[PDB]
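Just so it is clear: chains get the letters A, B, ... in the order the sequence lines come, proteins before strands, and each one is counted from 1. Only this structure's heavy atoms are used, side chains among them; waters, hydrogens and symmetry mates stay out.
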Amino acid sequence: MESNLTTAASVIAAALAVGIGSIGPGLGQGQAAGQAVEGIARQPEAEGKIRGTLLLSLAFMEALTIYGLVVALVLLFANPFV
Amino acid sequence: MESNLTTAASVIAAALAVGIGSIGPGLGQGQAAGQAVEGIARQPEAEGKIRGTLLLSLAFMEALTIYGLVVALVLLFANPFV
Amino acid sequence: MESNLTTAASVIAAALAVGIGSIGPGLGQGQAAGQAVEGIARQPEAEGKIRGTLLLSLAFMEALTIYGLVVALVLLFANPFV
Amino acid sequence: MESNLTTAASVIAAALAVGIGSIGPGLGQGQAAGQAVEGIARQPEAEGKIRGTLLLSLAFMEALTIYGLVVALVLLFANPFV
Amino acid sequence: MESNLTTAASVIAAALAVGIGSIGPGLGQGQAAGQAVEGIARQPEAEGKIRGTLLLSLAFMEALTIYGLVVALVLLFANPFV
Amino acid sequence: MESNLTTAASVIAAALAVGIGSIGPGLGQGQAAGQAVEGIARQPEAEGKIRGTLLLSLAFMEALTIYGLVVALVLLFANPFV
Amino acid sequence: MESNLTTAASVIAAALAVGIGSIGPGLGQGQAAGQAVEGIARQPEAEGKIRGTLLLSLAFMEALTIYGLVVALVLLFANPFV
Amino acid sequence: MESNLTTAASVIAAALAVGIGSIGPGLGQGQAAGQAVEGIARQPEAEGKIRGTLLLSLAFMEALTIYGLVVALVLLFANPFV
Amino acid sequence: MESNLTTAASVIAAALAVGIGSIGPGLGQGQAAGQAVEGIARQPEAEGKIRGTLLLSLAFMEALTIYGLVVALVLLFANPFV
Amino acid sequence: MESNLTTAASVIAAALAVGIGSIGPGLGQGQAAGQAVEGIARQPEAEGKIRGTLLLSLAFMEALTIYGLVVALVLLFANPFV
Amino acid sequence: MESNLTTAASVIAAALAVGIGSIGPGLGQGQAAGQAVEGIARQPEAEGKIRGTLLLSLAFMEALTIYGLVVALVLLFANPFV
Amino acid sequence: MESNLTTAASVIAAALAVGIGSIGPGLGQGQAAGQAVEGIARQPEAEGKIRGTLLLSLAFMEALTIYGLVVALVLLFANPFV
Amino acid sequence: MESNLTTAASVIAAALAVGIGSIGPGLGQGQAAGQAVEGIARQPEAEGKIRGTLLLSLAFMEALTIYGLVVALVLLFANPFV
Amino acid sequence: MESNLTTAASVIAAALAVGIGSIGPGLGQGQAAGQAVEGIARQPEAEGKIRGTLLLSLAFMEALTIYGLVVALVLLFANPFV
Amino acid sequence: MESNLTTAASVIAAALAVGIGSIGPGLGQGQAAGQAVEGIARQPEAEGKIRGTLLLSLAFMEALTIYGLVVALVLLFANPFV
Ligand SMILES: OC[C@H]1O[C@H](O[C@H]2[C@H](O)[C@@H](O)[C@H](OCCCCC3CCCCC3)O[C@@H]2CO)[C@H](O)[C@@H](O)[C@@H]1O
Ligand SMILES: OC[C@H]1O[C@H](O[C@H]2[C@H](O)[C@@H](O)[C@H](OCCCCC3CCCCC3)O[C@@H]2CO)[C@H](O)[C@@H](O)[C@@H]1O
Ligand SMILES: OC[C@H]1O[C@H](O[C@H]2[C@H](O)[C@@H](O)[C@H](OCCCCC3CCCCC3)O[C@@H]2CO)[C@H](O)[C@@H](O)[C@@H]1O
Ligand SMILES: OC[C@H]1O[C@H](O[C@H]2[C@H](O)[C@@H](O)[C@H](OCCCCC3CCCCC3)O[C@@H]2CO)[C@H](O)[C@@H](O)[C@@H]1O
Ligand SMILES: OC[C@H]1O[C@H](O[C@H]2[C@H](O)[C@@H](O)[C@H](OCCCCC3CCCCC3)O[C@@H]2CO)[C@H](O)[C@@H](O)[C@@H]1O
Ligand SMILES: OC[C@H]1O[C@H](O[C@H]2[C@H](O)[C@@H](O)[C@H](OCCCCC3CCCCC3)O[C@@H]2CO)[C@H](O)[C@@H](O)[C@@H]1O
Ligand SMILES: OC[C@H]1O[C@H](O[C@H]2[C@H](O)[C@@H](O)[C@H](OCCCCC3CCCCC3)O[C@@H]2CO)[C@H](O)[C@@H](O)[C@@H]1O
Ligand SMILES: OC[C@H]1O[C@H](O[C@H]2[C@H](O)[C@@H](O)[C@H](OCCCCC3CCCCC3)O[C@@H]2CO)[C@H](O)[C@@H](O)[C@@H]1O
Ligand SMILES: OC[C@H]1O[C@H](O[C@H]2[C@H](O)[C@@H](O)[C@H](OCCCCC3CCCCC3)O[C@@H]2CO)[C@H](O)[C@@H](O)[C@@H]1O
Ligand SMILES: OC[C@H]1O[C@H](O[C@H]2[C@H](O)[C@@H](O)[C@H](OCCCCC3CCCCC3)O[C@@H]2CO)[C@H](O)[C@@H](O)[C@@H]1O
Ligand SMILES: OC[C@H]1O[C@H](O[C@H]2[C@H](O)[C@@H](O)[C@H](OCCCCC3CCCCC3)O[C@@H]2CO)[C@H](O)[C@@H](O)[C@@H]1O
Ligand SMILES: OC[C@H]1O[C@H](O[C@H]2[C@H](O)[C@@H](O)[C@H](OCCCCC3CCCCC3)O[C@@H]2CO)[C@H](O)[C@@H](O)[C@@H]1O
Ligand SMILES: O=C(NC1CCCCC1)NC1CCCCC1
Ligand SMILES: O=C(NC1CCCCC1)NC1CCCCC1
Ligand SMILES: O=C(NC1CCCCC1)NC1CCCCC1
Ligand SMILES: O=C(NC1CCCCC1)NC1CCCCC1
Ligand SMILES: O=C(NC1CCCCC1)NC1CCCCC1
Ligand SMILES: O=C(NC1CCCCC1)NC1CCCCC1
Ligand SMILES: O=C(NC1CCCCC1)NC1CCCCC1
Ligand SMILES: O=C(NC1CCCCC1)NC1CCCCC1
Ligand SMILES: O=C(NC1CCCCC1)NC1CCCCC1
Ligand SMILES: O=C(NC1CCCCC1)NC1CCCCC1
Ligand SMILES: O=C(NC1CCCCC1)NC1CCCCC1
Ligand SMILES: O=C(NC1CCCCC1)NC1CCCCC1
Ligand SMILES: O=C(NC1CCCCC1)NC1CCCCC1
Ligand SMILES: O=C(NC1CCCCC1)NC1CCCCC1
Ligand SMILES: O=C(NC1CCCCC1)NC1CCCCC1
């Protein structure tokens, strides 16, 4: 067991990296997906192209939150200090 | 049984990870699902394609919050410090 | 029976988990449901398709706040520390 | 009878759980219901279908705040610590 | 006459439960009632339908704040601690 | 005369219950009333129906702020602690 | 003649009750009155009906702020504690 | 002549009462006045009806900030405590 | 000459009264005036009627900030305490 | 050279009066001038009218910030306390 | 050299007067200028009138920030206290 | 194992770099991808062009957050101080 | 070589003056330049007039931030106190 | 190796520089790129011209965040103080 | 080598200067660039005029953040105090 300023800061930090880090990407994925299904309603023949482009986009955005995830995980499972 | 700065920080961190972590994805899911059912009303024949793309989208967004859940669960059931 | 920093933090944390965890999902659910009933007004024949997709959607959003609920419940009934 | 940091925290937490927990669902219920009554005016024949889907939606949103309520209730009537 | 941390926290908690707990429902009620009244102007013949769906909706929203009011009332007239 | 943490917290609490508690309902009543008079301009023959529905709505919203009022008044005229 | 925590809190509480208490209702009154004069321009024959409904609305909104006034006046002229 | 916590709080309170008390009403007055002059451009013949209703409105909004002014004035010229 | 907590508070209060007190009225005056000059362009024959109604409006909004000014002036030139 | 709580509060107060006091009027002036210039483009013949009403409006708004400037200048060159 | 509460407050105050004081006027100048060039695109023959009116407007808005500037400069080059 | 002010500041810093650093890019990516997918629906033939411009854009935005990630990674695996 | 409250305040003040001071003018410049290039697309013949007016506007806005720069530079290179 | 107030500050500063520094540019890059791909769909023949102008824009915005990056880098690799 | 309040403040200040200094300009650049590429889609023949005006614009906005950069650089490489 260990408790000090740095272990305390690490668990808070871990929460903030993934917590805050999902805000922009979460909204952004919704905006993109929303336009995707709207576009499919408009032009069902473009479904494949639309899906392909969305998927790509979803990946970029999800990688943003994943950066927060790796920081969180480094802090919890590979902490350099504590 | 155990109380210090780091246990106190862990329980707060746990709540913040899942609480904050649900904000962007919750809004994003509503936006996407909203455009999806609008699109279905507009072009009921496209419902399978729209549902497929939405479902894909919903999963990517839910995953953002699940990262938060994971951090919360590690802090609660596999805490590295306390 | 027991009071320290960690019991105090735990009860605050439990409330922030569910309380904050309902903001994005509640707003999202409203956005999606509203587009659903609007969609039904526009095309009452698509009512079954619209309803099925809405329901799917509402479940994904409900799960986001449930993650908060779960963290709140372990904190209250299976606290790892106090 | 008893006052310490946890009883004080428990009462504030209970309030935060239900108070904050009503913000998203309250806005969302209004957005849905306004769209529902707009739909009815637009297509009074779909009223039953609209009302049915709205009811389903409202219950989902109400459940979100109910999660807050139960945390508040546990804190006040089944408090694990104090 | 007793004053301690918990009695002070309790009166504050009481105000926060009902004060904050009215923001979402109050806004939501406005939105819904506004759409309803506009709907009546558009289609006076659907007034009974519109008015019924509104009433149902208002009640769901008022319940959200009432949960706050229950917490306030427990904290004031059935306080578990003080 | 009496001054302690709890009398101080009570007068602040009283102010916050009615102060904050008027924000949502005040905006909401404006939104609803605004659509009402707009609807009357559009369809002056629906004036009675519109007024009836508004009035009902205004009552629900005003009851939300009134909950804050009763808490304030319990705190000032029927305080359980001080 | 008299200064302590509770007198200081009372004077602040008084200002906050009326100051905050005017925000939602002030905005709401502007919104409603604005739609009212727009409606009059649109249908000058409906001016009596529009004025009647507005006046009713203005009263309900003013009452929200008056609750704030009342709390302020009790704190200043009928203080229960100091 | 006299300085303590309560004189200090009283002057701050007086300023917050009028200062904050002008935000909602000032914005509201602008919204209503702007719709009024727009209305007059659309239907100059309704100018008298529009003006009368505006004036009524402006008075209700002005009264909201006046409540703030009144609390400020008693605090300055009829302080109950200091 | 004199410095204590109340002189310090008085100067800050005076600034807050006029500074905060200009925000709503400043925005509102702009909203009204922009609508006024838009109306004039639309119907230059109504200019006198528009200008007249605008003037009335502007004075009402200016009075709101003037209430702040007078509190500031009392605090600086007729201070009851210091 | 004197430094005390009040001299420090005074220089800060001075900045807040004119700094905060420019937000509403600055935004408002922009809104009004933008509408004016757009109006001129729409109806170049009404330029004299539009320009006169604008000038009048600008002066009312600049006065709001000037009140802030008066407070600043008193606090700096005619300080009542220090 | 001199360092005390008041020199420290003066340099911060100076920054806040011009820093905050550019926010409203900066936005407002953009809004106005934007409508000006839009109006010129619409009616290039009105270019002279539009420019004349913009210029006037820009001056009023720029004077608002200049008030913050003179306070800053009084504080740095003509400080009444330090 | 070392804990000091700097190790604590470093883990927090790491979370802030990637957490905050994802807000703008995440929102921006959503906006861009949404427009792209809508564009494809409008003109399926331009899909290759649209998709290429999007990909280029996504990369510029992901780099913004990656800068945050670099700072986080230095702070964690190549800390200059601790 | 020199450290005290006022040197620390000066360096912070310097950053805040230019940092905050760029917010309104940066947004305003984007708004104006945006309408300018839209206007050019709309009426390419007006490009000289639009460019002239924009350039004038850009200068006035840049000047707002430069006031911030000036305060920062005085604090850094001509500090009156330290 | 070394921990003091400046090393702690340096690491937080580095994070704030790149984290905050990505917010505006990230939003702006998204706004530009979305408009770019919308333009391409509208006029696929202009793609090269659109892509060229977008590239120029993206580099300008990226440079803004790069300024943050370099401050962060100096703080971490060329720190003048620690 | 050296740590005190002023080195600490200086590094924080340097980061706030560039970090905050990029928000308005980054958003502004996005607004202008987006209107530019939209303009090019509408009128590809005006591409050169549009690009030239955009470029001019981007430079004015870039300079705003550069002022921040400059304050950051003197603070780091030509600190007047430490
Ligand atoms: O000054 C050095 C000493 O500091 C420690 O105690 C200090 C230390 O600042 C910290 O535990 C405590 O402050 C803790 C408040 C910070 C809470 C949280 C931390 C990270 C996430 C954000 C905020 O205060 C103690 C007393 O002032 C420990 O007593 C000891 O290990 C160490 O040597
Ligand atoms: O490192 C854990 C230590 O916790 C205590 O000291 C702690 C103490 O908990 C706390 O009141 C104090 O800071 C109290 C502030 C708590 C702020 C909050 C708590 C978690 C959520 C975010 C931050 O710091 C002390 C450092 O000396 C006790 O001395 C002991 O239980 C244990 O040694
Ligand atoms: O730090 C854990 C310790 O908790 C207790 O001490 C605590 C004490 O309860 C508390 O007043 C003190 O901090 C008091 C402020 C706590 C505010 C907190 C913030 C997060 C949300 C809940 C409210 O810190 C002490 C640290 O020694 C007990 O002394 C002991 O059982 C235990 O070791
Ligand atoms: O006055 C008698 C009572 O005093 C104690 O409470 C103390 C407590 O220890 C202390 O931290 C507290 O100072 C803490 C001030 C906390 C302010 C808080 C902020 C929002 C929620 C409510 C108000 O003062 C209390 C005064 O009542 C005990 O709680 C109690 O055992 C005892 O009966
Ligand atoms: O610790 C218990 C004792 O606490 C009291 O003094 C304490 C007590 O926290 C409070 O008066 C004071 O803090 C008062 C700050 C809270 C202001 C306000 C209160 C409600 C509304 C929101 C915030 O500090 C005293 C000294 O730290 C009293 O001295 C005594 O009656 C009591 O026994
Ligand atoms: O309970 C009232 C008591 O007030 C004083 O103690 C008070 C004192 O006023 C105050 O500086 C301290 O807290 C000071 C913080 C004031 C915060 C603010 C004030 C009202 C507006 C909201 C909250 O707490 C002390 C508790 O010991 C004096 O000891 C005495 O006048 C009186 O016994
Ligand atoms: O609590 C009331 C008492 O007020 C004075 O003491 C005061 C003292 O002025 C003040 O520095 C201290 O608090 C100092 C901080 C006050 C900040 C306040 C917050 C609200 C807005 C105005 C500024 O508390 C003391 C409490 O003992 C006098 O000692 C006495 O006349 C009186 O009994
Ligand atoms: O330096 C000499 C002077 O010192 C005293 O002021 C003291 C005061 O008591 C103390 O609370 C104060 O610390 C309080 C710090 C308050 C910061 C405040 C926040 C915003 C508004 C302005 C700045 O330090 C002052 C230093 O001047 C007295 O006010 C005065 O009688 C005396 O002439
Ligand atoms: O109480 C009076 C004495 O106050 C001074 O020290 C006090 C004084 O409040 C101030 O320097 C320091 O607080 C400084 C914090 C305020 C930072 C900043 C100031 C203006 C801009 C906004 C906030 O604390 C010292 C110790 O508490 C000096 O020691 C002395 O010159 C003076 O006589
Ligand atoms: O525990 C051992 C170390 O303790 C010291 O750090 C002390 C430091 O002096 C003290 O101000 C500090 O209390 C300050 C609490 C600051 C909270 C801060 C807020 C956001 C960024 C991170 C967390 O406690 C530290 C505990 O590590 C020294 O930094 C270091 O020399 C030493 O090795
Ligand atoms: O007046 C300058 C004095 O600075 C120190 O005292 C200062 C000390 O710097 C500081 O920690 C304390 O306040 C520390 C708070 C710093 C807040 C922040 C700093 C600048 C940016 C805005 C405000 O006040 C002390 C007053 O006694 C030292 O005693 C000495 O270097 C010098 O006499
Ligand atoms: O005030 C300047 C003095 O700085 C040092 O003392 C400093 C000390 O570093 C610091 O912990 C203390 O304040 C500690 C809190 C500083 C927070 C600060 C806020 C702005 C952004 C950066 C972080 O104040 C002391 C004042 O005596 C040294 O003692 C000395 O070299 C120098 O005279
Ligand atoms: O790094 C990138 N972001 C992620 C997008 C989804 C796949 C994983 C990488 N892409 C580019 C950003 C610019 C530099 C790296 C390449
Ligand atoms: O990792 C990703 N996010 C999850 C979304 C839900 C399905 C599981 C993966 N997507 C991509 C982003 C990073 C690059 C490749 C993976
Ligand atoms: O359980 C859920 N929420 C309840 C709200 C009240 C109506 C019934 C559902 N939703 C989903 C979360 C778990 C996955 C499926 C269910
Ligand atoms: O886990 C998910 N969310 C729940 C929503 C309600 C249905 C049950 C699953 N979906 C996917 C997100 C990540 C990929 C796998 C699971
Ligand atoms: O319980 C609910 N909320 C109240 C609204 C007003 C009428 C009474 C019920 N809704 C549902 C929550 C989930 C399923 C049960 C009912
Ligand atoms: O409680 C309600 N709110 C108020 C509306 C206006 C009249 C007074 C009651 N209504 C319903 C909410 C759900 C449960 C109670 C009934
Ligand atoms: O109490 C109400 N509010 C006031 C509005 C202005 C006229 C006086 C009453 N209305 C209703 C809400 C609570 C249920 C019945 C009363
Ligand atoms: O007195 C009011 N405000 C004044 C502003 C300057 C022009 C004259 C009116 N309005 C109302 C508040 C009290 C009720 C009627 C008057
Ligand atoms: O009190 C009210 N507000 C004032 C506005 C200006 C005219 C005078 C009254 N109106 C009503 C609100 C509550 C019901 C009775 C009074
Ligand atoms: O005094 C007012 N404001 C100033 C605006 C610029 C011209 C000078 C007057 N307006 C009115 C406040 C209420 C009635 C008096 C005048
Ligand atoms: O003071 C004013 N503001 C500035 C506008 C640009 C030229 C310099 C003055 N104008 C009027 C405001 C009302 C009182 C003074 C005249
Ligand atoms: O001083 C002004 N602002 C600057 C804008 C950029 C060119 C230089 C002047 N304009 C006017 C406002 C104050 C009254 C006259 C001057
Ligand atoms: O360096 C830049 N940003 C990265 C975006 C992703 C591709 C790699 C470069 N842009 C420009 C900044 C200013 C000029 C240099 C390039
Ligand atoms: O230098 C500037 N920013 C650079 C961003 C990357 C592309 C090249 C320009 N803009 C202006 C600021 C100084 C005035 C002209 C240049
Ligand atoms: O200083 C200015 N801003 C820079 C933007 C990029 C081109 C170089 C100048 N423009 C004017 C603002 C104040 C009037 C003179 C200078």
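Closest approach of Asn4(E) to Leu5(F), counting heavy atoms only: O-CD1, 4.2 Å. Listed here is the closest heavy atom pair of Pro25(F) and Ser22(E): CD-O, 3.8 Å.
At a threshold of 4.5 Å between non-hydrogen side-chain atoms, the residues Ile50(E) and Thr53(F) do not count as touching. Inter-residue side-chain proximity for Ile12(E) and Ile12(F) is flagged as met; some heavy-atom pair is nearer than 4.5 Å.
Of the listed residues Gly26(F), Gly19(F), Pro44(F), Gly52(F), the one with more heavy-atom pairs under 4.5 angstrom with chain E than any other is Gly52(F). The candidate with the highest count of non-hydrogen atom pairs below 4.5 Å against chain F, out of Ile40(E), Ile66(E), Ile23(E), is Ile40(E). Between chain E and the residues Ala33(F), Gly39(F), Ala32(F), the largest count of heavy-atom pairs under 4.5 Å involves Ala32(F).
Side-chain N or O atoms of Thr6(F) include none that pairs as donor or acceptor with a backbone N or O of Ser3(E) at under 3.5 Å.
Contact annotation for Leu54(E): only side-chain heavy atoms (C-beta onward) come within less than 4.5 Å of a heavy atom of chain F. Of the atoms belonging to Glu47(E), it is side-chain heavy atoms, and not backbone ones, that fall under 4.5 Å from chain F.
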- request: With side chain to side chain contact (heavy atoms under 4.5 Å, CB included) as the test, would you mind laying out the steps for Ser57(F) and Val37(E) before giving the verdict?
  value: CA-CA 10 Å; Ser57(F) 300; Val37(E) 124; 5.9 Å; no
N/O donor to acceptor pairs below 3.5 angstrom from side-chain atoms of residues 67-82 of chain F, sequence neighbours left out:
residue: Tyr67(F); atom: OH; partner: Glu62(E); partner atom: OE2; Å: 2.9
residue: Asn79(F); atom: OD1; partner: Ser10(F); partner atom: OG; Å: 3.0

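Pairs engaging residues 37-46 of chain F under the side-chain hydrogen bond (donor to acceptor under 3.5 Å, both in side chains) rule: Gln35(F)-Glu38(F) [sequence neighbours left out].
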